[PDB]
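Asker: I have a structure I would like to understand better, so I am pasting it below and will then ask my questions one at a time.
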Amino acid sequence: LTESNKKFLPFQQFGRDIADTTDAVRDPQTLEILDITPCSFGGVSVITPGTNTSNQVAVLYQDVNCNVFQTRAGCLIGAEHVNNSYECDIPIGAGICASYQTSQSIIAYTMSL
Amino acid sequence: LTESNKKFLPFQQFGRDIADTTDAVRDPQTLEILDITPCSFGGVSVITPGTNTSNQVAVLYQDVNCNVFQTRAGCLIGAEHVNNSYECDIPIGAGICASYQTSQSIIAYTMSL
Amino acid sequence: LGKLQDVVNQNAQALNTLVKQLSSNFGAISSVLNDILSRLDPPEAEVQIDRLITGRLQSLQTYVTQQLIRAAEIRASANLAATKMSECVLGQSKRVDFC
Amino acid sequence: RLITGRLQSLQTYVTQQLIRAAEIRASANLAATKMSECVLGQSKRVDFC
Amino acid sequence: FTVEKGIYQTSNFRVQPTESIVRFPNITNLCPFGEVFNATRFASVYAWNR
Amino acid sequence: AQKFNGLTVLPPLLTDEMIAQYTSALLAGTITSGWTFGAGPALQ
Amino acid sequence: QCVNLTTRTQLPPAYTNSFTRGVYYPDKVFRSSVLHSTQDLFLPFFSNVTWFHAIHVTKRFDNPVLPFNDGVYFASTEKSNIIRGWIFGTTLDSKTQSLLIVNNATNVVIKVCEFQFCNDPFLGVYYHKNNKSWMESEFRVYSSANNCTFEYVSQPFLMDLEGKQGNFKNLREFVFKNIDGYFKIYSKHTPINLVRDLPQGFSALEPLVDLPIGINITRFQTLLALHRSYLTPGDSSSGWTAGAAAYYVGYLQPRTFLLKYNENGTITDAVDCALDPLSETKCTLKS
Amino acid sequence: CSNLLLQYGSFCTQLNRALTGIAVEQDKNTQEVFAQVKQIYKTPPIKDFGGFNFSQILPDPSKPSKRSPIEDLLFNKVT
Ligand SMILES: *[C@@H]1O[C@H](CO)[C@@H](O[C@@H]2O[C@H](CO)[C@@H](O)[C@H](O)[C@H]2NC(C)=O)[C@H](O)[C@H]1NC(C)=O
Ligand SMILES: *[C@@H]1O[C@H](CO)[C@@H](O)[C@H](O)[C@H]1NC(C)=O
Ligand SMILES: *[C@@H]1O[C@H](CO)[C@@H](O)[C@H](O)[C@H]1NC(C)=O
Ligand SMILES: *[C@@H]1O[C@H](CO)[C@@H](O)[C@H](O)[C@H]1NC(C)=O
Ligand SMILES: *[C@@H]1O[C@H](CO)[C@@H](O)[C@H](O)[C@H]1NC(C)=O
Ligand SMILES: *[C@@H]1O[C@H](CO)[C@@H](O)[C@H](O)[C@H]1NC(C)=O
Ligand SMILES: *[C@@H]1O[C@H](CO)[C@@H](O)[C@H](O)[C@H]1NC(C)=O
Ligand SMILES: *[C@@H]1O[C@H](CO)[C@@H](O)[C@H](O)[C@H]1NC(C)=O
Ligand SMILES: *[C@@H]1O[C@H](CO)[C@@H](O)[C@H](O)[C@H]1NC(C)=O
Ligand SMILES: *[C@@H]1O[C@H](CO)[C@@H](O)[C@H](O)[C@H]1NC(C)=O
Ligand SMILES: *[C@@H]1O[C@H](CO)[C@@H](O)[C@H](O)[C@H]1NC(C)=O
Ligand SMILES: *[C@@H]1O[C@H](CO)[C@@H](O)[C@H](O)[C@H]1NC(C)=O
Ligand SMILES: *[C@@H]1O[C@H](CO)[C@@H](O)[C@H](O)[C@H]1NC(C)=O
């Protein structure tokens, strides 16, 4: 229930959008307009280096907003972020891939064209 | 119930077609063979010159037999017919389009290749 | 631009139709599955729930089929664009009325 | 149940017609390329025209 | 038993709420009942106000 | 026929006469100009 | 109690045309930048709507018991608050629950009961001699009453009891509906400077009070207020004055309407689907 | 609702796999069109190409975005 910036006419209680979903209900406490946004978005995903190469994995959430790196394509945990860029093999999205490089661990970086 | 030109054997009452639809029934009153044909054919269509160009529209009937012009693609009302030919923009079907030209009103003509 | 606008408008209207499908009862007594559970017992309201399941499954299957056909058309157009790039862009093409 | 059966038959017909329309679109694109190349000029593509 | 390199979708993440608020109004109305106690004078025990 | 049950058949935009006219125009262009008419103005 | 009138020369009712009027909010939700279509009883656009006069200069006074269909549209270009209120019912013989929504000089009074309704109730305003103010004295709306349950007062509403013959300065529109016995009120005061031929401008109608009565309704009739100055003898037989007023009565029909919600959240346009082929084309494409 | 969905879990498996395949096919389309070369060639600082003006298709350093003025006009034209 976020704080909205749009005022309501003084006879309405509900509120919908273009896609016809109730996302703005006026709170009857002191006439506050509050938006509605679902808390659960997308699913989970895993990054695996493969067989005969490693044993650890990196869990990636599709669009959930939070070692831990806040990528553009959700939340990626278990993979450190490095500023340099190489050619990428395992795609994730939004120009960021993951790879197993140098011990050695799973790293995330912006791909090189 | 049109006047048919095909006679039945003197033991039948109904008549079907290739598509297996009862479209011929003998009249018990005078042993007259009458055909059956549905009346409602197709839908309606609206010819609009566009926003900020005109306000009047032309209504086209799809497969209905009837200012008013009997085109080969149904019935067209609200658009006068002119014998000359220009390049057409709004397609209708059967080689005749409609447009808004010179006041100015909606006209229908055979398209120029 | 006509080609670039249709591929977005069609997807947006398909998503809107998918949203609109949940507002129908598909022959049941309610649209939202919570209302029948709150007003009727689950042993009796099982057939309405199953009817809603079948309706939502049919709508999702139709959406998946439409998206698959659209993806096939996009694949064909992308193959055409890749060939056009590799011929007309990465060199000069002798094919007349192709570039 | 009559509504559901007729809806299923119509949906299957629409899917079949959409697949046929996709195949017709591919054939028409091939015919358009052939008209642009073999007819509106001489095509150097061997075993194409 | 063998997994190659690439992305894989296993399950979904759902944020289950832990608290519920169902309070419809901010306060309810009242009826005049304080005059039973806030009165100029009261009644006796053989004939009391009902 | 197949139209009695609401299964209306839409007539095509271009008739067979117009298609024949297009083919004859293409034939005349390809015998009188070769490929110049397909990539610009027609040259005799 | 009520008295009977005397026969006199009146004027036949006229017919006028509406111009994008009779649009209200069909619900109580908020919609912004969306074109939402709903199936509800509205007033069709460009429809021949009835007209009734209330001017004196002659002696025009017509209050027929019009049938109350599924929703009515009541628009008035009121200037000096000559009109007072409305009454409802089926037979008006103290057999059903007849409504009486009146607006007195102190407060609005809504009470549906079984009033002994007369043939032609009206409000009487008398001009005092020592006091230079118009005051209502003849409260002849019904003979008596027996029993009822609902009564509503709301906030006080102040009006002017002085009637003039000048041009109108305000326009008031009212919509009365009954769905599942639920009484609906929609109104919005709109200033205007005109005498007739209502403008083509657009103005939605917001609900004011929503009455849970759950009764029957088939007929309705409006109430009017006449003045008793020193010019008239003061008897309600042939000499009176009613100022200058005009109220329009329209009947709502079930048509789908495509509403135009702006970013603020108010209706701007009400393009139809069964009036013009162009309007049908607009509302089928949702644009 | 979930308990009755085990009777149609295979259908959801096919639908999810079809959507994943559609997404990866859309992802592969960009690699087949724009990734024709594996070496990024830099535009030369000399703009004297014999009189050919290429500023309308080459990127400009005046804006932070790398899009050409034609591409920037193309991005705002579509929604
Ligand atoms: C290449 O074309 C561009 C057109 O965009 C030219 O830029 C314009 O130059 C004129 C002349 O000074 C200015 O008035 C315009 O404001 C410029 N427009 C823009 C968008 O920059 C550019 O000068 C041309 N360059 C060459 C070498 O011909
Ligand atoms: C909240 O309740 C108080 C009474 O304690 C009341 O005065 C106030 O108006 C209420 N706020 C609203 C209705 O927004
Ligand atoms: C994610 O959440 C944190 C804290 O809740 C917030 O600071 C950040 O802005 C959020 N990210 C986005 C993209 O909204
Ligand atoms: C990568 O190098 C840049 C160089 O300025 C620096 O700003 C950035 O913080 C570095 N990132 C990490 C993760 O070390
Ligand atoms: C119809 O009935 C009338 C009276 O019974 C009879 O005269 C006539 O012949 C009949 N026609 C037929 C059976 O075709
Ligand atoms: C349409 O109807 C008229 C009169 O009913 C008739 O003369 C005309 O031949 C009909 N048109 C066709 C194509 O049959
Ligand atoms: C168009 O011109 C031809 C030329 O003979 C004539 O026969 C025809 O009637 C004309 N049509 C109209 C609508 O004037
Ligand atoms: C009675 O009066 C006192 C003081 O006037 C006030 O505080 C109280 O709320 C009233 N009601 C009751 C029930 O005591
Ligand atoms: C005026 O109203 C009558 C009755 O409602 C109607 O028959 C008539 O067509 C209307 N006038 C016009 C010009 O539409
Ligand atoms: C106005 O009329 C109402 C009844 O409709 C009545 O209750 C009220 O007392 C009247 N006001 C005055 C000042 O008489
Ligand atoms: C009012 O009295 C009448 C008797 O004439 C009766 O029929 C009706 O039910 C009564 N109304 C109520 C609300 O009790
Ligand atoms: C309401 O009136 C209708 C006829 O106008 C009648 O059929 C119905 O029974 C009435 N209902 C009640 C509750 O009086
Ligand atoms: C509606 O609200 C918006 C945003 O505050 C404002 O720009 C606009 O002027 C408002 N409209 C009216 C009619 O007040």
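Numbering of chain B is taken from Swiss-Prot, so the residues present carry the numbers 552-617, 641-676, 689-699, in order.
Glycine too: its Cβ is placed from the backbone N, Cα and C atoms.
Here Swiss-Prot flags B:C617-B:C649, B:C662-B:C671 as disulfide bond, drawing on experimental evidence. Look at Swiss-Prot and you will find B:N603, B:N616, B:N657 tagged as N-linked glycosylation site, backed by experimental evidence. The annotation O-linked glycosylation site is assigned in Swiss-Prot to B:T676.
For each feature listed, report its degree of burial, its nearest neighbours and the pertinent distances within the displayed model.
Answerer: Within 10 Å of the C-beta of B:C617 (disulfide bond) we count 11 further C-beta atoms, all protein chains included.
Taking a C-beta cut-off of under 8 angstroms and a sequence separation of 6 or more, B:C671 (disulfide bond) has the following same-chain neighbours: B:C662, B:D663, B:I664, B:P665, B:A694, B:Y695, B:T696, B:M697.
Counting Cβ atoms from all protein chains shown, B:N603 (N-linked glycosylation site) has 5 others lying within 10 Å of its own Cβ.
The Cβ of B:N616 (N-linked glycosylation site) lies under 8 Å from the Cβ of B:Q644, B:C649, each of which sits 6+ residues away along the same chain.
Note on B:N657 (N-linked glycosylation site): other Cβ atoms within 10 Å of its Cβ, all shown chains, come to 6.
Around the Cβ of B:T676 (O-linked glycosylation site), 6 further Cβ atoms fall within 10 Å across all displayed protein chains.
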Asker: Given the recorded positions B:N603, B:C617, B:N657, tell me which ones have a C-alpha lying within 10 Å of the C-alpha of B:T676 (O-linked glycosylation site).
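Answerer: Taking B:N603, B:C617, B:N657 one by one, none has a Cα falling within 10 Å of B:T676 (O-linked glycosylation site).
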Asker: I'd like the Cβ neighbour count for B:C662 (disulfide bond), meaning other Cβ atoms within 10 Å of its Cβ, all protein chains included.
Answerer: 18
Asker: Could you tell me which of the recorded positions B:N616, B:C649, B:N657, B:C662, B:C671, B:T676 have their C-beta within a distance under 6 angstroms of some atom of ligand 6?
Answerer: B:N616
Asker: Calculate the distance in Å between the alpha carbons (Cα) of B:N603 (N-linked glycosylation site) and B:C617 (disulfide bond), and round it to a whole number.
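Answerer: Per the Cα atoms, B:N603 (N-linked glycosylation site) and B:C617 (disulfide bond) stand 32 Å apart.
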Asker: Are any of the recorded positions B:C617, B:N657, B:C662, B:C671 near ligand 7, with a Cβ under 6 Å from it, and if so which?
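Answerer: Result: B:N657.
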Asker: For the C-alpha pair, I'd like the distance in angstrom between B:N657 (N-linked glycosylation site) and B:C617 (disulfide bond), rounded off.
Answerer: 20
